[PDB]
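Two forms of the same protein chain are encoded below as structure tokens; each is given separately, as structure 1 and structure 2.
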Structure 1
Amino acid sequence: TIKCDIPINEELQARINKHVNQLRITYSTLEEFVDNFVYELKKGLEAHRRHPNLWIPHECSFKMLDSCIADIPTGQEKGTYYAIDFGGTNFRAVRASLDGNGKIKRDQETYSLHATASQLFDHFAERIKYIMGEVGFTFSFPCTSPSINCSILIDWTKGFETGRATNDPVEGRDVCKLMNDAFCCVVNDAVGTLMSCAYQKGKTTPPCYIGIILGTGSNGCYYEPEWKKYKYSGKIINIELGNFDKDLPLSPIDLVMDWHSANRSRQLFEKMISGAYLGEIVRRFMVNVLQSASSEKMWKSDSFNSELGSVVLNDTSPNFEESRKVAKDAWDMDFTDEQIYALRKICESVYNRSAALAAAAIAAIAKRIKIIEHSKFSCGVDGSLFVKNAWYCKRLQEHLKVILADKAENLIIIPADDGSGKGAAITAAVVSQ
């Protein structure tokens, strides 16, 4: 709670309090959220028993995809592999080498960003060729993979949008096939994190069963003991939890920002907790509060990132001249001392709601394994929102400690800064073996 004492307007305070109560979250809501989530999950496993290749989104809005990984690696091997990444704010290319134990090194010097797949994969090939001058692959999108070497996607989430031409944009073909034209073992981000938290940590912490990505997207993978009952091969399941529907709270700003998107009526849970939309949400709140006291630029979309929000949050300067530069170079508004308070309040409330819902999702995944009471297990958390934002990591663990009260010290959160980059390489540790 900020609760700044500087004398502010007696009317603007009401417009602040209204929009703050709009974003308020209470534990009576999270306690229903958890049960909604676990019900959805078991229903999705049931549904996967019936039709192992249909989705049928009017039951289990999660498309609980299968990851053919059948062996959580032990971390005892060697090898040097080249790997490609894609999906985040910019793709990467890693030239990694492994150690006989947890340690692992990488070069990974790499760069990235009416447009078809030809020019895109031409850029892919040219970049990997440039980097080649001194195996696996990662695609961070919803893919339906028959086996390890083969993977085909369904659509184009995250706000990304490939051009619409006769050249048949990427959505609708196997990726390993289209890759070889430019030039193994394709995986996703969450499974990559879950793997990378096995080779890395060891001998002191309980094993890891949950992999969470909080960043440009929001996704999760987890380990399931009953993978033999529900017929599909693979110890860990990829939830596409960015598609939760049931009763999540929605302020009108959310409805407006959803009416103005390509993936309309889908990916509703992702649009509240992911880094791609938090800046837009904050900007749209900061207009119904200033009320024509704003500038001409504050009405222009995509003019406030989540990175600037992370700066406004981590504001411990004696005066607030740190965020003043952000406000000035983003909106050309020389804010007084009465409006920066509103800005800080709004950023705090928005990111607080995001952290609370993410913690609720993590706890609801945890309660499903039911091993929390018997023993302990760890969850590896990755993403730009989590590790690159200190104010986030404390609110998240607070909201998590409050939810699963009694059994709190059985789910250890492990930040995994290595990213899915190392996971793409460690993918070889099972296929090669």
Structure 2
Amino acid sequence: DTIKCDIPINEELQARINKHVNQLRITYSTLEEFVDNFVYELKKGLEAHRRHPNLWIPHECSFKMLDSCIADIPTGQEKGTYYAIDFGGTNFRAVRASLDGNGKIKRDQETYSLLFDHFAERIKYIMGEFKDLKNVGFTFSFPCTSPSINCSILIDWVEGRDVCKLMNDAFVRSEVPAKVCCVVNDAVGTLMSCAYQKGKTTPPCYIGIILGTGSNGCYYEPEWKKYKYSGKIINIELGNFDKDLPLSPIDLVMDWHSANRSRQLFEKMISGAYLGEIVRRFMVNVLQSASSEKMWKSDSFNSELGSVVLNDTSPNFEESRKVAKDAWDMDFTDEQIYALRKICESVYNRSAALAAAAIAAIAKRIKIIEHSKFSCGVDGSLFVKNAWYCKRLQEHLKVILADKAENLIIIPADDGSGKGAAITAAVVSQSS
């Protein structure tokens, strides 16, 4: 499974490669300490929430264990039609989903356009394009605290009013009879969308993981009653884990230029928005003076190109060296292309190992893994659109869980921020 060298490599470049690979090496002895720290942090977060479920106090637990206020999960037997709003950065979409009683979802369109007074006409605009004249979901990936499932406040980016009723009154100002009923997170929607579209002869899903341009997790905590939680599903803020991470110096520099400094140190090692910069810096270090002038720019390499480099099988890597030219205007030789492959294979492997040791921790906090069986729905831009990264995540997950790997199933879910919010708004209302 490891890259093999046949071309004669210089001594200096080989020494540099060997020195910079052992800075990204994750042995099966550190992964156990990682799993233990993760489980302990989960438990401490639960207790600290029970002590004061309103404010999040750092230095008590890195995970701000949020709670979706949902009542119960779906089973794949409902029916209707429901609409959902996604709102991230500059331009995002609107979803319409039809639900039959057989565990299947039908979706129509994801319209993008470049301000609460615009979205009501947007919903009427997509609705007239179906003209079958209720309740609408909402994702709203922004800094918000949700005391209840219907409302959530805004504390960052009228910038401070209720972001729920703000959207609600735009339907009243217009003709549209549709009300907001849920403000879900990106991962709980993933959990629900995976639970719906499973089937009937599959174990229940208990963990929803997002690995993409951001990393997060939600899971079903059976002891939710012993603490003060109202929903059966708990949203871990997984990206903020900082107990003991194997940080190389490149991770110490790339964090200083972050504009989010000293925050979210676990997300900056495994997420797809940061792997391109890691491999760029490592390549600059290993090709000291031979590096081009473009290899010193900031955003000169993103993870979509690492995906191209990893999934390469040509006799001569004419695709792996065509992605070099258009990014770094440089004609790579054989030793340099070998170095590039050996660096990407290390960075992505570390990401996959650390993201596989965070699923075993969740599956170990739930003490079901000993006897019963259950499933996990993994979604994201790193899991999809990458083949070398799936069979590696599931290889590490098959070694962390030594004798129990067969009890935990992986089911790739799709489109959490969409179908998820629609299914949540359908469940919270049809079963209201």
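Heads up, when I say rigid core I mean the largest set of C-alphas that superpose within 1.5 Å between the two forms. Residue numbering: sequential along structure 1, first residue numbered 1.
Structure 2, not structure 1, is the form whose entry title says "open state". Looking at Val311, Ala330, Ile72, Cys143 after a core superposition between structures 1 and 2, you find that only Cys143 has a C-alpha shift of 2 Å or more. For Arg344, the Cα coordinates differ by under 2 angstroms between structures 1 and 2 after the core has been superposed. Relative to the superposed core, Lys129 undergoes a C-alpha shift of no less than 2 Å between structures 1 and 2. Relative to the superposed core, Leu248 undergoes a Cα shift smaller than 2 Å between structures 1 and 2. Core superposition gives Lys177 a CA displacement of 4.2 Å between structures 1 and 2. For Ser420, the CA shift between structures 1 and 2 after superposing the rigid core equals 2.7 Å. When the rigid core is fitted, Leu290 shows a C-alpha shift of 0.2 Å between structures 1 and 2.
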